[PDB]
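Take a look at the letters that make up each chain.
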Amino acid sequence: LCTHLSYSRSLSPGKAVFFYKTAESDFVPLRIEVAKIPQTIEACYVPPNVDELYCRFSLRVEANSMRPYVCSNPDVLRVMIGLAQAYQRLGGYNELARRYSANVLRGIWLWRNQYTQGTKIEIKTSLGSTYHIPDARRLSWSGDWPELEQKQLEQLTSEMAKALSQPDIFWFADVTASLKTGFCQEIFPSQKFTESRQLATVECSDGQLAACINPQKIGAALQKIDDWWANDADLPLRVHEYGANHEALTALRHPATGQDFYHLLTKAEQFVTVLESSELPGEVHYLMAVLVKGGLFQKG
Amino acid sequence: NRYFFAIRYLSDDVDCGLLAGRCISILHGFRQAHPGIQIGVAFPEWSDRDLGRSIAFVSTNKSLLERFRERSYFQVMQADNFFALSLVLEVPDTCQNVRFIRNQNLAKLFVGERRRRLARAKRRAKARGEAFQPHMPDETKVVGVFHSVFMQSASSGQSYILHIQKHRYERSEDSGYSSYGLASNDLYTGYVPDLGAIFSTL
Amino acid sequence: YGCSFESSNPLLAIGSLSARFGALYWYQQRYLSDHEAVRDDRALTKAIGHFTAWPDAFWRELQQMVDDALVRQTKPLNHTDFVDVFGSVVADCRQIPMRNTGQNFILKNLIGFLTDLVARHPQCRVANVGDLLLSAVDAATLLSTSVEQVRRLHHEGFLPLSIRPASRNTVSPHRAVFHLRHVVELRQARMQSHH
């Protein structure tokens, strides 16, 4: 290893905002009511006579895991470059793109608000494509998707596979979903972290406030595609260097097992050798996923 | 002209909101056996931060209050060293009164209440034959401090919360207590002495 | 001195001698609490009649104390210790020396009961019986396995931990931390054998 090594993030959303349409104007925000009772109570629900609620966010994808942002060691750099390319030319970006793409179309980024009478998801991109999932309530992590839907997963996978692997393509997606709702259904936006509770909003250009979901909360949902441990797929974990599992309060790739990122980072010379003899194993899939969610890998 | 007795909780881990609810339920059951009675509930350890670890009952009929004290629940809880009980004695003549009014208006702070109110309003319009056209209020309200008591429903499948406020007494009219020995904002006037005094007895 | 029985309808009428000895020891501490009066014959003589309606009496003894416990409740049940309601009846199952269910018939009936108890009390908004907390040494007994195996089972994620401990500390075997309904279900799901 070496003293300085960093990657930046290769995939990121902006934030999500809730709103509805009227006959008089196209963008009316969903608002939150507060009573000072400081120590307050507050509430948010769809108001009477609005039949459906809209949620929207934007996504940029960048081929930025091909090269270290900073590296202080010429030998570490030579290897990391050789590895990313050794992988790229055998495929594998398709696999990562398939996993990311599946999560967008499924709709899990809606977290606790998935319980609707029918959710429709529409996607537009900067290359001129449009995708349409008429009903997002039925698509599993594991299983065969119904016809015409399986197909759009392949088409979206292809655009993203490119966005992740070739530079100088400026790829944007614009994701809007519609929630068909109940009579006065409660809505669950992001909460504020404090030292009673408060909810998060954003300001509109006209001064009104609106309910929202934070950027990283959308992001945490998209990248939850780690099921390469213990030969038991279950449900996937949010990619983490130690395999953290918040629900059970544990860690699946505890350093004690030799299965964490840092042990694996030191075997790069051996992986490149294998790729040259090539089948891609779980060990290199994990590593590539972490490099995409870049951060500090230092003080070796 | 007034008699009382008090109960204190001995255990440091006691949940006041859960436990207080049982004493009220007993009072209610007693009220059902003998409709023509009046017994008030007081909180002599009331604070702005918490409800307190003690409860007291106040009335005017000594012989009736003794009968209440003899209810089996209280006797069991004492025997197992959960409760400390006092005897019935006369209320001191050197104190001030408080109301302990309960406020159902606070229900409107929660989504479930608004949903029910509107569902009824829609249906109610059919008699009028006009289109359902509801009109909502503004974004800011101000309310006073209140504490919660956990309550079970009477012969049904529900549970809910009582919201208690404390108001200072002002004298007028004649009295009456609600089924829970609580006061109402209107047309249910009564009061209790604020016996935070002489509490060294338990 | 020997067993030699046929038409053994009572649960005390079958088995190896060690089990037959253990069953009597258990009966004695639990129902002959009166101080020794060297009624060595008479004191134990009654144990056989006692067991003749066992398949239908043991459960009532357990049911009685669910209700008497309930009416003395002071905390919401999901922070209440299993022991506060059932009084270590589980630990007593360890006086018979055998570990498996098909031979240790006292444990077999206690589990039967607890499975039914959970079954008639499904999860809802207000906590109820079945959400009580067990300690590590208790799951080991109900799951018919040693304690270290429970730690391994936790580490792999087969069951959740409900109480958040402080940092730079450890949770001891005596601390109450798993929900009853979680243990009953896991056992049916992945702990059965030919025993």
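Per chain, the count goes from 1 following the written sequence and can depart from the entry's numbering; residues without coordinates do not appear at all. As they are written, the chains are lettered A onward and the ligands numbered 1 onward, keeping that order. What you see is a piece of a larger assembly; the numbers all apply to this piece alone. No hydrogens and no water enter the side-chain calculation; it runs on all heavy atoms of the structure.

You'll find chain C entered in the PDB entry as TniQ, with Aeromonas salmonicida given as the organism. As deposited in the PDB, this entry carries the title "I-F3b Cascade-TniQ full R-loop complex".

Going by the PDB entry, chain B carries the name Cas6 and comes from Aeromonas salmonicida.

### Examining the overall build of chain C
A helix here means a DSSP run of H or I that spans at least four residues, while a strand means a run of E at least two residues long, and both kinds are numbered starting from the N terminus. A tally of helices and strands in chain C yields nine helices and two strands. Taken from N to C terminus, the helices and strands of chain C fall in the order α-α-α-α-α-α-β-α-α-β-α. Reported as C-alpha extents along the three principal axes, the dimensions of chain C are approximately 55 × 40 × 35 Å. The contacts in chain C between residues at least 6 apart in sequence include a share of 67% that link residues at least 24 apart. Of the roughly 12400 Å² that chain C leaves accessible, carbon and sulfur atoms contribute 52%. Only heavy atoms enter the contact rule, under which two residues are in contact if any of them lie within 4.5 Å. Computed with a 1.4 Å probe, the accessible areas rest on the Shrake-Rupley method; for each residue, only the protein chains presented here act as cover.

### A closer look at the packing of aromatic side chains
Here is the rule: rings of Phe, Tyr and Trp (six-membered ring for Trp) pair when centre to centre is within 6.5 Å. Planes less than 30 degrees apart are stacked, more than 60 are edge-to-face, and the remainder are tilted. Per the counting criterion, the structure on display carries 32 aromatic pairs over all chains. With 5.1 Å between their ring centres and 65° between their planes, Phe57 of chain B and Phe68 of chain B make a pair best called edge-to-face. On the criterion of sequence distance, the pair formed by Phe57 of chain B in strand β3 (residues 54-59) and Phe68 of chain B in helix α2 (residues 62-69) is long-range, its members being 11 residues apart. In this structure, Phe57 of chain B and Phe68 of chain B share a single accessibility class: buried. Members of the aromatic cluster, connected to one another through ring pairs, are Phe5, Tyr9, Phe30, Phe57, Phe68, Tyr73, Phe74 and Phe83 of chain B. Each ring is checked for a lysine NZ or an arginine CZ that lies within 6 Å of its centre and within 35 degrees of its normal; such an atom marks a charge sitting over the ring. Across the ring face of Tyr54 of chain A, the terminal group of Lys21 of chain A is positioned such that the distance to the ring centre comes to 5.3 Å. The ring of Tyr286 of chain A has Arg253 of chain A lying over it, and the distance from NZ or CZ to the ring centre is 3.9 Å. Buried means the residue's accessible area, taken with a 1.4 Å probe over protein chains only, is under 20% of the maximum for its type, while exposed means over 50%, and partly exposed covers the values in between.

### Comments concerning the sheet that holds strand β6 (residues 41-43) of chain A
Read across the sheet, three strands follow the order β6(A)-β5(A)-β7(B) without closing on themselves; strand pairing throughout is mixed. One side of each edge strand has no neighbouring strand; the edge strands of this open sheet are β6 of chain A together with β7 (140-141) of chain B. One bridge is not enough; two strands pair if DSSP finds at least two bridges between them.

### Describing the interface of chain A and chain B
Counting residues at the interface gives 13 residues for chain A, matched by 14 residues for chain B. Both sides together, the interface formed by chain A and chain B hides about 1500 Å², and carbon and sulfur atoms give 65% of it. Simply put, the buried area is the total loss of 1.4 Å probe accessible area from both parts when two parts are fitted together. Among the residues chain A hides against chain B, the three largest losses belong to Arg31, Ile37 and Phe183 of chain A. Together they make up 34% of the total. Only one rule defines a salt bridge in this text: a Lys or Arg side-chain nitrogen within 4 Å of an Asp or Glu carboxyl oxygen. A salt bridge links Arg31 of chain A to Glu139 of chain B, with the nearest nitrogen and oxygen atoms 3.8 Å apart. Any pair of nitrogen or oxygen atoms within 3.5 Å is treated as a polar contact; in protein, a donor-acceptor pairing is required on top of that, and neighbouring residues in sequence qualify only through side-chain atoms on both sides. Linking chain A with chain B are one residue pair in polar contact. The element contributing the most residues to the side of chain A that touches chain B is strand β5 (residues 33-35) of chain A, with three residues. In this classification, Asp, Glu, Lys and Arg are treated as charged, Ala, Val, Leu, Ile, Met, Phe, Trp, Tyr, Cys and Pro as nonpolar, and every other residue, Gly included, as polar. Of the residues in the side of chain A that touches chain B, the class split is nine nonpolar, one polar and three charged.

### Structural notes on the interface of chain B and chain C
Taken together, the nine residues of chain B in the interface contact eight residues of chain C. A combined buried area of about 750 Å² lies between chain B and chain C, and 60% of that area is made up of carbon and sulfur atoms. Counting across the chain B and chain C interface gives one salt bridge. Run the count over chain B and chain C and you get two residue pairs in polar contact. Breaking the side of chain B that touches chain C down by element, the ones donating at least two residues are α1 (16-33) and α3 (72-79) of chain B.

### Quick notes on the nonpolar core
What makes a nonpolar core is a set of buried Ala, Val, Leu, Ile, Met, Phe, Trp, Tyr and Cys residues whose side-chain atoms join them at distances within 4.5 Å. By size, the foremost hydrophobic cluster in this structure holds 71 residues, and its most contacted members are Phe18, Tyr100, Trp109 and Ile123 of chain A. In terms of residue count, helix α7 (residues 282-292) of chain A provides more of this core than any other element does, eight residues in total. Where each domain starts and ends comes from a domain assignment, either automatic or drawn from a database. Taken domain by domain, this core gets at least three of its residues from each of domain 1 (1-9 + 64-92 + 224-300) and domain 2 (10-30 + 44-63 + 93-190) of chain A. If we ignore the near neighbours within four places in the chain, the residues touching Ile123 of chain A are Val104, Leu105, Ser129, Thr130, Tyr131, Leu156, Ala173, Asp174 and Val175 of chain A. By size, the runner-up hydrophobic cluster in this structure holds 46 residues, among which are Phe51, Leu134, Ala139 and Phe178 of chain C.

### Some points on the side chain of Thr181 of chain A
All names here are of chain A. By the secondary structure assignment, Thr181 is in the loop between β11 (171-180) and β12 (201-203). For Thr181, a relative accessible area of 15% gives the class buried. Within polar-contact distance, the side chain of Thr181 engages the side chain of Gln185 at 2.6 Å. Ignoring sequence-local partners within four residues, the contact set of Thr181 consists of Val46, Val50, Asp51 and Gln117.

### Section: unusual backbone geometry
With the exception of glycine, the majority of residues adopt a negative phi angle, and the majority of peptide bonds are in the trans configuration. The phi angle at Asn49 of chain A is positive, at roughly 65°, despite the residue not being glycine. For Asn49 of chain A, the position within the fold is in the loop between β6 and β7 (52-61). Residue classification places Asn49 of chain A among the exposed positions, given a relative accessible area of 59%. One non-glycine residue with positive phi stands out, namely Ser155 of chain B, at about 55°. Residue placement: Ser155 of chain B occurs in the loop between β8 (147-152) and β9 (159-164).

### Brief notes about the pairing of β3 of chain B
All names here are of chain B. Counting buried positions along β3 gives six out of six residues, so the element sits mostly inside the fold. Of the two faces of β3, the one carrying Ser54, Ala56 and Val58 and the one carrying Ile55, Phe57 and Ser59 are both buried. In this structure, strand β1 (residues 3-9) lies alongside β3, joined through six bridges in antiparallel fashion. Bridge pairing in β3 links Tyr3 to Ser59. Two strands pair when backbone bridges link them, and strand β2 (residues 40-42) and β3 are joined in this way by three bridges, in the antiparallel orientation. Note on β3: the bridge partner recorded for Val41 is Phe57.

### Quick notes on the environment of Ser184 of chain B
With respect to the helices and strands, the residue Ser184 of chain B is situated in the loop between β9 and β10 (192-193). For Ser184 of chain B, a relative accessible area of 26% gives the class partly exposed.

### Things to note about α7 of chain A
All names here are of chain A. With nine of 11 residues buried, α7 is to be regarded as a mostly interior element. Among all positions of α7, only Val284, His285, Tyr286, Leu287, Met288, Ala289, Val290, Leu291 and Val292 are buried. Lining the buried residues of α7 we find α1 (74-88), α2 (93-106), α5 (261-265) and α6 (268-277).

### Things to note about the packing of helix α4 (residues 58-70) of chain C against helix α6 (residues 105-119) of chain C
Residue and element names in this part refer to chain C. Direction vectors running N to C along α4 and α6 enclose 50°, while the axes themselves pass 10 Å from each other. Put simply, α4 runs oblique to α6. Judged by the twist between their axes, the crossing of α4 over α6 is right-handed. In this structure, α4 uses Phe58, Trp59, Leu62 and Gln63 to contact α6, whose residues at the interface are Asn109, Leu110, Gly112 and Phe113. The residue makeup of the contact of α4 with α6, split by class, is five nonpolar, three polar and no charged. Angles shown run from 0 to 180 degrees and are taken between the N-to-C directions of axes, each axis being a line fitted to C-alpha atoms and, for helices, limited to the stretch in contact. In this scheme, roughly parallel covers angles under 35 degrees and roughly antiparallel covers those over 145, while 65 to 115 is roughly perpendicular and the rest are oblique. Left-handed describes a crossing in which the near helix is turned anticlockwise from the far one by less than a right angle; the clockwise case is right-handed.

### A word on the pattern of salt bridges
Residues and elements named next belong to chain A. Scanning the model with the defined rule gives 28 salt bridges over all chains in all. For the salt bridge of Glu95 with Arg99, the shortest nitrogen-to-oxygen distance reads 2.9 Å. Of this pair, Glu95 and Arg99 are both found in helix α2, four residues apart, which corresponds to roughly one turn of the helix. Since its relative accessible area comes to 22%, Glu95 is described here as partly exposed.

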